[PDB]
């Protein structure tokens, strides 16, 4: 499968996907990396891996539909099969999400359905859970609410900050996101017509 990765920052998840798609017997290849922000380290990681990149600045669009269309134009230019959201921070519109249904994955740093939103660790700390984790899910219109592919539990340590907990969960992310990408790219895991996950 040909894969696009969208990002908005550091790209540590991008990096794990790059390394993984280049291991032997990979069903996926990363062909384009798109950022909505300039000058993020994820763009450097893509370029250093020999992967083309684009910056599509979301602030230059009247609305989300038009920003998404510019993304979609690049995805077509690159004949993309699967899109991975790896620290991508823009909520995508209905039509884009509908178009990519069953072909778009996201990594979220909690055990969904707990702690939806971009500040999951901050929610996890406030709430006092001792176990948090991460989730790879298909992207649906409802934020952080599409069908779950893989999850991994990560302990919370007494005295954790957002940063220490974030780092520990990232190590799990870098395991399940590549594994989930392989599952989808191989057709082992599909979104079924009834809107439910199915394993082949």
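Positions refer to the first chain, counted from 1. So that the term is clear: the rigid core is the largest set of C-alpha atoms that superpose within 1.5 Å between two forms.
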| field | Stretch farther from the shown model on average in 8 other deposited structures of this protein, with CA RMS computed after core superposition (62 to 70, 171 to 179) | value | 62 to 70
| said: Between 157 to 165 and 38 to 46, which one shows the bigger average Cα displacement from this form in 8 other deposited structures of this protein once the rigid core is aligned? | reply: 157 to 165
| On average, which has the higher Cα B-factor in the deposited entry, 158 to 166 or 56 to 64? | 56 to 64
| Of 70 to 78 and 84 to 92, the stretch whose C-alpha atoms average the higher B-factor in the entry | 70 to 78
| request: Classify residue 176 as lowest, middle or highest third according to the C-alpha B-factor given in the PDB entry, relative to its own chain. | output: lowest
| task | Sort the modelled residues of this chain by their C-alpha B factor and say whether residue 147 lands in the lowest, middle or highest third. | result | middle
| request: Name the third of the chain's ranked CA B-factors that contains residue 27, choosing lowest, middle or highest. | output: highest
| Third of the chain's Cα B-factor distribution that residue 4 belongs to, per the entry | middle
| remark: For residue 12, the third of its chain by CA B-factor is the middle
